[PDB]
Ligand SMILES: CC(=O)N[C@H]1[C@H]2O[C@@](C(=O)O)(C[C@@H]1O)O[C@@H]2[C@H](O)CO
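Shown next as structure tokens: one chain only, the form deposited without the named molecule.
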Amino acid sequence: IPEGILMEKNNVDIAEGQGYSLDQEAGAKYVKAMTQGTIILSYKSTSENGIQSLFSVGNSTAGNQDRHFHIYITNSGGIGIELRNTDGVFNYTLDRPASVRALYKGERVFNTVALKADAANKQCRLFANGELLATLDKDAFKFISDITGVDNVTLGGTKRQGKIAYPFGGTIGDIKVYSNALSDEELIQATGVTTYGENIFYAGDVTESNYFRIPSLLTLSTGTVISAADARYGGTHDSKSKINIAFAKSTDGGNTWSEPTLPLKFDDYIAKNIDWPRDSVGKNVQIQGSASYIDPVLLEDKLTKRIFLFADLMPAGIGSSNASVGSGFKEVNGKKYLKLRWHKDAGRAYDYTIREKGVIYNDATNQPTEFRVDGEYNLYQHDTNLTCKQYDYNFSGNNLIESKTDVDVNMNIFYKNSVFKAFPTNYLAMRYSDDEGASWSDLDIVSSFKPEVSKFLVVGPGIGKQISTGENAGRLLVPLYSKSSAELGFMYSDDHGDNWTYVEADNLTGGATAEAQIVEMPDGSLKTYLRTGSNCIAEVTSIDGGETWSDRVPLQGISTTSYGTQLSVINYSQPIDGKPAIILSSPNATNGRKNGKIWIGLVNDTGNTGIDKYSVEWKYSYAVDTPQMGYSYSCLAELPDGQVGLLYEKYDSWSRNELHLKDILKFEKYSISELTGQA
């Protein structure tokens, strides 16, 4: 077979279920016998068929339905290949969910994909839209030449017993089939021709994390747009892992973003780019003894121009699921202090406290020890910083080995190997900045108020809210949720963030994930929209600056799942259709986190007093992509121009089949014209 392009076809429209024969192409005889090679194609799918073959080569005869090779896409954005010659001979498969998309800003768009079958390296690699998606290594390398009785080369389907299976519908922009294995670099460039939206954080940036999750986006009063997200190092698992909070800002209306920083991070475990296994066994494994920060909330005090970053602080090996019930604080002399356990004492003997100026006290004797903690909660003994060996983590088969290295890091009270350990429950941490992230204040653990009866009290990720008018104008609020005497809760500050007060919003003890976001009504009253464990998004109203809240009321007309998903709801500065408006983002499917939509709700004044004064008409909905396309957590922001920015997870973060995916946190912008269908 010749060196180079064996076949090339451009602009082929394929009617759903019909396919397209490439058997009369001059090079079909070569394609039907490839020992290795590269296939690159640009396509636009207009079909909702579940599995759609883009290109295939195989045996179409009776009883030979398992003898073929094909590159396919799914209506949910997955992409993969199957190289088969019946299961007893070989069945090589490779895929990666949420790799491609179907629609962008109201129109079906082209995607560029590529498969490289590299005989020399006994390796197969899939690429899509400028990204290397997956790799398959096989000692017994196989390709088309190994399929028995190949009799066809087809576009838009796979011939199985004379029928077109995995029917594609749409257009094949171009397809090139090479006999040689092109370089990854060529394929990255080749497929990178089609990209939609942009990335703020990405695998390869200075955060050193391969994964990201939980978006936070906010436009400051100065015009600067800031963002934050979980930098998830050990795959995409929720805490009881190694996770830091990343931060970035844009000073050009969301066009370009600065080099990311890590304002909230721990160093007990090294921050490194690592490929987390996605096989049925390894995908479930997570880092066991690392401390972490998870779920960011951004907020600005428009009077002082100060910004705040909040996140859950998880001690080594802790996640909400295994957090100990308690506050993590002890009251001495009528004041609450963080409790500490001396590593040589009994497992549950927290006989010390961190008092004023970080001095650690022996509660029994009520005398200071020779230890203290600085503003970072790192330990000192007689003015010398204590240190401990940093951990590294690597997979040895399906086992994740967490081993010490020779690297010394400052010993923090939240580390597994600290001489003084904090109580194993979760904490609420925050830092402030008066220079838009150039520098941040010391670590402020504001959860002294954590109910002693609570298992966990965490934040509702996204952004906080400052009341702009009325009796409580200036008050800062951050949404919370817990497994306690209350589920939904809030923490507010009337002194510009210096001190915070906890508020129970209900009396629910089930501990469901009541993540919520807050919007302000024209008179300064507040409406909070939250996820529930029912099949609806709930709404609660406050008429006293967030101190008391009405009972949950279902948000009629916006579908969701039983387990639910975090949502984003924000105020918009200009009226829409002449009325005050709020904007909401959330996946709209009743099962699976998919079919993300942006809704616009118009505020109406019924003139009634209190709780029933305002009614929101959810008049517009905007589908971001096709129904099966993944969409999980998100955060909206009104950009300096009239646009609405959107930082979100373009995949199903609930699915156990879509864990540990890189490049899923996307940033997109929409005008009100588009959102309202005006275009």
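Definition used throughout: the rigid core is the maximal C-alpha set that superposes within 1.5 Å between two forms. In case it trips you up, residue 1 is the first one in the sequence shown, and so on.
- Rigid core fits of the other structures in 4 other deposited structures of this protein place the C-alpha atoms of one stretch farther away on average; of 604-612 and 186-194, that stretch is 604-612.
- The mean C-alpha temperature factor is higher for 612-620 when 66-74 and 612-620 are set side by side.
- As the entry records it, the average C-alpha temperature factor is higher for 22-30, out of 623-631 and 22-30.
- Residue set 168, 415, 127, 380: peak C-alpha B-factor at 380 (per PDB entry).
- The top Cα temperature factor in the record, among 142, 336, 232, 475, falls on 336.
- Sort the modelled residues of the chain by CA B factor and residue 659 lands in the lowest third.
- Compared with the other modelled residues of the chain, the Cα B-factor recorded for residue 9 ranks in the highest third.
- In this PDB entry, residue 642 carries a Cα temperature factor that places it within the highest third of its chain's modelled residues.
- In the deposited entry, the Cα temperature factor of residue 420 sits in the top third of values across the chain's modelled residues.
- Residue 306 sits in the middle third of its chain by CA B factor, as recorded in the PDB entry.
Quick note: we don't show the form solved in complex with the named molecule, though the next part is all about it.
- You can rule out all but one of 323-331, 604-612, 511-519, 346-354: in the bound PDB entry, only 511-519 has residues with a heavy atom within 4.5 Å of the named molecule.
- Taken together, the three residues 232, 314 and 654 all lie with some non-hydrogen atom within 4.5 angstroms of the named molecule in the bound PDB entry.
- The listed set 212, 481, 529, 247 contains one residue whose heavy atoms approach the named molecule in the bound PDB entry to within 4.5 Å, identified as 481.
- Residue in contact with the named molecule in the bound PDB entry (any heavy atom within 4.5 Å), chosen from 300, 238, 504, 205: 238.
- Contact check for residue 294: a heavy atom falls within 4.5 Å of the named molecule in the bound PDB entry.
- The closest heavy atom approach of residue 633 to the named molecule in the bound PDB entry falls within 4.5 Å.
- Residue contact with the named molecule in the bound PDB entry: residue 116 places no heavy atom within 4.5 Å of it.
- Proximity of residue 450 to the named molecule in the bound PDB entry falls outside the 4.5 Å heavy atom cutoff.
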